[PDB]
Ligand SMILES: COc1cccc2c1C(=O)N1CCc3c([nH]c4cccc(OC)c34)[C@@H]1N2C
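First, one chain by itself in structure tokens, the form deposited without the ligand.
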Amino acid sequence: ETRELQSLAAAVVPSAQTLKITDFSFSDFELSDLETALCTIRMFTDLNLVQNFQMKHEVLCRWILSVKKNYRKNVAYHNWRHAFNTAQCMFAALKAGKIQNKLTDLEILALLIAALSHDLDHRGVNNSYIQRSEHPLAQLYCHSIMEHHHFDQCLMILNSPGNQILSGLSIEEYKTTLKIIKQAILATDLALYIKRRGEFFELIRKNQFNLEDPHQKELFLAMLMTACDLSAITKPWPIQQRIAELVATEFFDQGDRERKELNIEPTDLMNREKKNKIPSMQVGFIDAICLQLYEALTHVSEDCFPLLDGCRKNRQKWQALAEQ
């Protein structure tokens, strides 16, 4: 195909150990785009997906480049690097967290594709903005608007000539995998996490959680998607500090759009005037959204404790910054 493909396809794919992708503390900051593509190949390979599903090397490389291409390079946070890191956290939870022992390769295939694809064509604004602005997508979908679009994009790329990494699946495996992918991408709508997490937390608290139950299995994969999606909140403080810059940039850029295009005053979360409140806001988000999730996940796998540990340490640093 293109020069990028040729370079990628011919490149040696270093080991997962070399690439550090099993570390919960992994950072992509020193990596070129090409190296993030090699990391992604390594993820598919070491989860046995390439071999078990008979993926051709050129097809996987083209698919990865198609996915990366369909994230926007002018969206500060929801871009290819966020999707790549989400997939890397999924790899680490599966390997270092040993969750791969409890899932089938078909489930893992869907999870990894969904992690990589779950914010495709994100435009730097949230569902509330899409609805309030009367964006065309808001006429197509009533809820989880962007996430429905992310899945549409995901399926378009999976079906593109030369990109069909699922061609080796039988029709029944293909249908099941697409449905898991769709659920997994829709799960990254924080609104759906908030609606469904109470059931997960109570099953865990009562020690009634049963991964053999298909409903609880689907619930767990949704919680795991959220855990990977939010995982910047667990990173070592140098990383977290930098990711926070991007989140704030994207939030405040939406606030500017709401002022200029919708003539409304943005909430504090998206109001650049309130930037000195980011520490207290990070603490609020950790308490409200993050801690119980990483706490619950460790009841599923004790080896996922580094995520919870990392979350607690960032809350300590953010609370110290809030106290000024």
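In this text, the rigid core denotes the largest set of C-alpha atoms whose superposition between the two forms falls within 1.5 Å. All residue numbers are counted from 1 along the displayed sequence.
Missing here is the form solved in complex with the ligand; even so, the following discussion is about that form.
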Which of 199-207, 212-220, 72-80, 91-99 lies within 4.5 Å of the ligand in the deposited bound form, heavy atoms considered? The stretch 72-80
Does at least one non-hydrogen atom of residue 46 fall within 4.5 angstroms of the ligand in the deposited bound form? no
Even though the partner isn't displayed, in the deposited bound form is residue 86 close enough to the ligand, meaning a heavy atom within 4.5 Å? yes
Is the gap between residue 117 and the ligand in the deposited bound form 4.5 Å or less for some heavy atom pair? no
Verify the contact flag for residue 111: yes if a non-hydrogen atom of it lies within 4.5 Å of a non-hydrogen atom of the ligand in the deposited bound form, no if not. no
Taking the ligand in the deposited bound form, would 224, 301 and 305 all count as contacting it (heavy atom within 4.5 Å)? no
Assert contact residue (the ligand, in the deposited bound form, non-hydrogen atom within 4.5 Å, options 239, 137, 103, 180) equals 239
Pick out the one residue among 207, 170, 104, 74 whose C-alpha shifts by 2 Å or more between the shown form and the other one, once the rigid core is superposed. 74
Under a superposition restricted to the rigid core, does residue 147 display a Cα displacement of 2 angstroms or more between the shown form and the other one? yes
Honestly, after the rigid core fit, is residue 136 moving at least 2 Å at Cα between the shown form and the other one? yes
Does the distance between the two CA positions of residue 157 reach 2 Å or more between the shown form and the other one, the core being superposed? no
Distance change of 3 Å or more between the C-alpha atoms of residue 148 and residue 191 in the deposited bound form: closer or farther compared with this structure? closer
Based on a C-alpha change of 3 angstroms or more, tell me if residue 147 and residue 120 lie closer or farther in the deposited bound form than in the shown form. farther
